[PDB]
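Hydrogens, waters and symmetry mates are skipped; everything else that's a heavy atom, side chains included, is used. Each chain gets a letter, A, B and so on, in the order its sequence line appears, and its residues count up from 1.
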Amino acid sequence: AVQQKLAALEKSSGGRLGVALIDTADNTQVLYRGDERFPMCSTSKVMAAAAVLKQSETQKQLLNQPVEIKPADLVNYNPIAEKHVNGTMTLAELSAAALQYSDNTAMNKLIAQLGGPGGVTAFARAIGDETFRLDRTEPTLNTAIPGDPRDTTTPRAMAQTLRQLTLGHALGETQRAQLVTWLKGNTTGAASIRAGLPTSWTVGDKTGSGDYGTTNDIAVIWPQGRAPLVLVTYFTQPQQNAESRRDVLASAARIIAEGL
Amino acid sequence: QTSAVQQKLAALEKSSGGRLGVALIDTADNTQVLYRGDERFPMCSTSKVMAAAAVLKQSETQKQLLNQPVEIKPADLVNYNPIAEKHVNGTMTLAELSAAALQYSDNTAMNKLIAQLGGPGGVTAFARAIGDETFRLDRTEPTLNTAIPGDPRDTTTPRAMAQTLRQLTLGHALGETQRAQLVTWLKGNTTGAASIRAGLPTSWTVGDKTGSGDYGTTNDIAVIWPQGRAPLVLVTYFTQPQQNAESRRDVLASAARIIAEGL
Ligand SMILES: *C(=O)[C@](NC(=O)[C@H](C(=O)O)c1ccsc1)(OC)[C@@H]1N[C@@H](C(=O)O)C(C)(C)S1
Ligand SMILES: *C(=O)[C@](NC(=O)[C@H](C(=O)O)c1ccsc1)(OC)[C@@H]1N[C@@H](C(=O)O)C(C)(C)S1
């Protein structure tokens, strides 16, 4: 059932669809191009925020640390940071801005805190993710060039990591709860995975988009009366200038939710 | 007269299978674009803005009001309580209930705001106090969402709601602290990305409140900060002839796109 339906959706879309579900009720999975690399775009901000949360487990006041926001720091999408130019934001405020508003200046401050993109990758390796790689800062990490492994992961790897971060023990108890709180407060997600799910289900997610019409969402889902799901939906298209297709992610989620 | 924008909205409506209401205020020149601007629509969850604003108004003469605890009982839970259900047999403050009502559209939270205002008529009284003669709240959650065609209960017009949202968020209907809090809450909405937001350029900032109900009723009210220009207020209301009709957030996105293209 599910494989035929996801293949049909992909064919209709004209693009390349990646799906990984983990149903924590029974540890069953639904994979479609689960081992192909896709450009993460803004979904990478989850790994950067989680890496700073892990640092805060041993640097106990780190999330309170002021960070200078200079005019020269502003990049291409700064809905929160532009308010604080020529002042400071804390690492907690930058983490919330990066996750809930997808602020690219905030993401660059998280990356800088970790010593550069390699510090985000190092955290991925530390929690057993051998697939994830962050190579570039914002905004060049979103070029989404076909065949380019930079700033990519696989749906399988990202679903497994998102499970460990939000439902497992990659982070300390307080830090896991803080990541889940941030994801549940996302502002950008209503057109993506959660548009394909019953309204009664609770979703925390991080969206992204980029060149090649790249349209992404990674979610942790609490269905009414049953154990949580983790769902990654990645999508990218042949034309550099392609339009976003959040409806394709919604459709993938709806197929997944039918099929259990 | 019918403008280019009104003709495009008419063509969208004709293809939609329902009835579309739009009101734009461009605060660059205070001009209005209306489509069925003086027709009534069921507000559904967009009514939560007036309830939260009424409690913010109360807080202007009670510095501690937003810290006041409210008991959440098992009997209080209604049909959509993602925040309140975590606090059953405990308390939430009026700030927590305001944030839950606006940013998660918690119906139990809305009922606590309504009760703090003395019932639905307390919300209407606040609307009258800030110059809105059109708004009416008649019922609590969840019955205020029945959205029956021709029913005046729990309705407003696009024109009235755009003017009210402007006065609340950009004007002086609230104190400056309270106006800033309302804008912060709306900008942190979780439910908006498929609605007005989906029709606007990505660089534009939005705070909004969505709603849906029966008759495929699909609503959004937004304050918009365009890249390089004064803010807009936009109301998009949509309702359909059949009780069981599907939501059409795409129609609100399409209306917003026509408005943005027409500026
Ligand atoms: C993350 O994906 C996001 N967008 C980008 O990274 C893109 C970029 O090149 O910087 C971008 C696409 C359109 S405008 C900028 O980071 C700013 C945010 N996530 C997108 C999404 O969820 O679809 C937004 C909300 C369009 S911006
Ligand atoms: C407000 O509109 C909202 N939903 C309702 O009021 C509806 C009801 O009958 O209580 C409802 C429709 C589907 S489930 C409950 O209040 C809970 C929220 N706003 C809707 C929207 O924005 O489309 C939600 C997010 C579906 S729930």
Hydrogens and angles aside, do [X] and [Y] bring a side-chain donor and acceptor to less than 3.5 Å of each other?
X      : Y      : result
B/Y80  : B/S45  : no
A/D129 : A/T161 : yes
B/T239 : B/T217 : yes
B/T191 : B/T210 : yes
A/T187 : B/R197 : no
B/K187 : B/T205 : no
A/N104 : A/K45  : yes
A/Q160 : A/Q164 : yes

Any sub-3.5 Å donor-acceptor pair from [X]'s side-chain atoms to [Y]'s backbone N or O?
X      : Y      : result
A/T233 : A/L249 : no
B/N111 : B/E141 : yes
A/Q3   : A/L31  : yes
A/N216 : A/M40  : yes
B/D106 : B/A109 : yes

Open item on the list: Could you tell me if the side chain of A/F38 sits less than 4.5 Å from the side chain of A/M158, heavy atoms only?
Closed with: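 Not touching, per the 4.5 Å side-chain cut-off.
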
TODO: Determine whether A/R176 and A/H169 make a side-chain contact, defined as any pair of heavy atoms from C-beta on separated by less than 4.5 Å.
DONE: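 Heavy-atom side-chain distance check passes, below 4.5 Å.
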
Task: Charged N-O contact under 4.0 Å between B/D220 and B/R249 - done: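 So B/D220 does not pair with B/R249 through a salt bridge.
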
[X], [atom1]: over 12 other non-hydrogen atoms inside 6.0 angstrom:
X      : atom1 : value
A/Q59  : CD    : yes
A/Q4   : CD    : no
A/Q239 : CD    : no

TODO: Using side-chain contact (heavy atoms from CB on, under 4.5 Å) as the criterion, point out the one residue from B/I259, B/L20, B/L12 that pairs with B/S254.
DONE: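 Of the listed options, the one satisfying the test is B/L12.
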
- [ ] To the nearest 0.5 Å, tell me how far A/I127 CD1 sits from A/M47 CE.
- [x]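 Reported to 0.5 Å precision, the distance equals 5.0 Å.
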
Task: Spacing of A/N142 atom CG and A/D151 atom CG [to the nearest 0.5 Å] - done: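 Between atom CG of A/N142 and atom CG of A/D151 there are 8.0 Å.
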
- [ ] Write down the atom of B/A100, the atom of B/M92, and the distance for their closest heavy-atom approach.
- [x]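 Result for this residue pair: CB-CE, 4.2 Å.
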
